[PDB]
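*Asks:* In their complex positions, the first chains:
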Amino acid sequence: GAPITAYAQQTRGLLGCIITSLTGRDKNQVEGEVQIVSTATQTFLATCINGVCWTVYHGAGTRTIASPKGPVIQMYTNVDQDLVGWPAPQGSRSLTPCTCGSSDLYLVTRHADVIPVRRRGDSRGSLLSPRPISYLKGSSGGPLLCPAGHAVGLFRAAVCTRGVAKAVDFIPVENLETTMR
C-alpha cells in the first residue's frame, strides 16, 4: 500500500548456494514479493507479478530454477527484451500491475532501500539524487512502483557518466503481456 517500506532477510550461505545450484533441489520455504537470487558468477533480483516470477536475461540466461520438486524449466523467454520468467514459487506473494499511470516511481534495491525516481520515457526515468554506480549493482530485476504500491517495471540498466549513476533504464509492464504470446 502506502507508504512503501521494505526489509531484507538472508536465507542461504555460499557453500549452500553452490550445492543447491548443482542438485537443483531447493527445500527452503518461500516468502515475499521480491526474491534475491544468485548464480555462480552473478547475483541479482527476481519479482513476482500475477502468478509469474520474472527476472533479467542478462542474469538468468536460459537456466532452470531450483524448486523443492527439482529443477523447473522457464515458462517465458524473450532475449530481445532482456526478460525471463518461471511459475512463481509456492509461498511467494504476487504483485499487481499499475493502473494509476502516475509518473512518480519508486525503485527497490537489494539492500531494501527505496529510491525515488521520476519518469521520462517508456523505458527511462531519472534519479532525484545521484549515487555511485557500485551502490546500484546487483539490484537488476528489482521492481519500480507507483505510490499505490503497484508494478510499473523492472530495473534493467543504469545511466552513468564517470562512475556516478544519473538515470535508469527499465522494462515496462506492457512488455510482460507482449511476451506472453
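*Replies:* Looks like it arrived, so ask away. Numbers count the residues shown, from 1 in each chain, chains lettered A, B, ... in the order given.
*Asks:* Quick check, central residue of chain A?
*Replies:* residue A:141 (2.4 Å; Cα atoms, centre = their mean).
*Asks:* Which secondary structure state is assigned to that residue?
*Replies:* For residue A:141, the secondary-structure state derived from DSSP: H, G, I helix; E, B strand; the rest coil is coil.
*Asks:* my read: it touches residue A:45, true?
*Replies:* Yes: counting by Cβ atoms under 8 Å, a contact exists between residue A:141 and residue A:45, whose distance comes to 4.0 Å. C-beta coordinates here come from the backbone N, C-alpha and C atoms, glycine included.
*Asks:* Can you give me the buried ones in stretch A:105-123?
*Replies:* Of the residues in stretch A:105-123, those scored as buried under the neighbour-count criterion (16 or more other Cβ atoms under 10 Å) are A:105-110, A:115, A:117, A:119.
*Asks:* okay, chain B goes in next:
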Amino acid sequence: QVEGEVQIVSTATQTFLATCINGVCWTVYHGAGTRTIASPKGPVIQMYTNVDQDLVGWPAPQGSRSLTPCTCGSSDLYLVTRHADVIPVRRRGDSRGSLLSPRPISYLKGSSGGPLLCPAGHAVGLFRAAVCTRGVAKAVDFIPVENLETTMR
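*Replies:* This next block brings in chain B, placed alongside the chains you saw above:
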C-alpha cells in the same frame, strides 16, 4: 539485531516520541527540557538545542537505525502514532498539514516528536502539535526537515 528508527520515550511527567535522522535522535523541547538521555554508561548530554524551533537532539542510542530525509517533494504525508497507526495527511504550507480524516484529540496525544513520512518511506518533519476546534483535531503543525539540517550546523 532488529533495529528501530522511532523511540518511545518517557520522563516523570509526560511521555512522547523520538525519531532518529542522520546520526541524531530527535524530539520536541516542550516534552524534553534540557534533560540528558539515559545510557548504561550513565547520562548523555544533548548535542543540539533550539528553543525557537521546539527542537532537541542527542547522539543516536543503541538499537537504532536512521531515516533519510525526503527527496520527492511530494505533499502526501503519513503520520505515525505511538501505537504504530498510520494517518494520511495533506501538506498546505511549510509547517501546516491537514488531516484527511479528522479525529478526537485524545487519539493523537503522546505522539509528538514522531515522524511525518512521504510515500517513499522517507522523512519530512516531526509532529509539533495538533490544531483543534472544540476538541476535534483537524490539522497539524510539524517541524520541517530543512530545520534539523540547519540546526546540525
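*Asks:* and the buried residues of stretch A:105-123, now that chain B is in?
*Replies:* By neighbour count, with 16 or more other Cβ atoms under 10 Å in any protein chain shown as the criterion, the buried positions of stretch A:105-123 are A:105-110, A:113-117, A:119.
*Asks:* Kindly report the same for stretch A:3-14.
*Replies:* Neighbour counts over stretch A:3-14 (16+ other Cβ under 10 Å) mark A:3-4, A:6 as buried.
*Asks:* Which members of these additionally contact chain B?
*Replies:* Intersecting the buried residues of stretch A:3-14 with the surroundings of chain B, defined as Cβ under 8 Å from any Cβ of the partner chain, gives A:3-4, A:6.
*Asks:* check contacts around residue A:7.
*Replies:* Contact criterion Cβ atoms under 8 Å, 6 or more residues apart in numbering or on different chains gives residue A:112 as the residues in contact with residue A:7.
*Asks:* One more pass at 10 Å, please.
*Replies:* With contact taken as Cβ atoms under 10 Å, 6 or more residues apart in numbering or on different chains, residue A:7 is in contact with A:32, A:112, B:2.
*Asks:* could you also fit chain C onto it:
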Amino acid sequence: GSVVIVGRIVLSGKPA
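*Replies:* With chain C added, the chains above now look like this:
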C-alpha cells in the same frame, strides 16, 4: 532528571 527509552518502533515491519 533524564529521558528514558521505553520502547521502539520499526517502520519496515521486520520480525525477529
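*Asks:* again for the buried residues of stretch A:105-123, since chain C is there now?
*Replies:* When neighbours are counted by 16+ other Cβ under 10 Å, the buried residues of stretch A:105-123 are found to be A:105-110, A:113-117, A:119.
*Asks:* Of these, which is the nearest to chain C?
*Replies:* Taking Cβ to the nearest Cβ as the measure, chain C sits nearest to residue A:114 out of the buried residues of stretch A:105-123, at 10.0 Å.
*Asks:* where does chain A come near chain C, residue by residue?
*Replies:* When proximity is defined as Cβ under 10 Å from any Cβ of the partner chain, chain A approaches chain C at A:3, A:5-9, A:112, A:114.
*Asks:* re earlier: can you give me phi and psi for the residue nearest to the centre of chain A?
*Replies:* Backbone dihedrals for residue A:141, given as degrees, to the nearest 10, come out at phi 90, psi 10.
*Asks:* Is it correct that it is in contact with residue A:49?
*Replies:* No: under the criterion of Cβ atoms under 10 Å, residue A:141 lies out of contact with residue A:49, with a separation of 11.4 Å.
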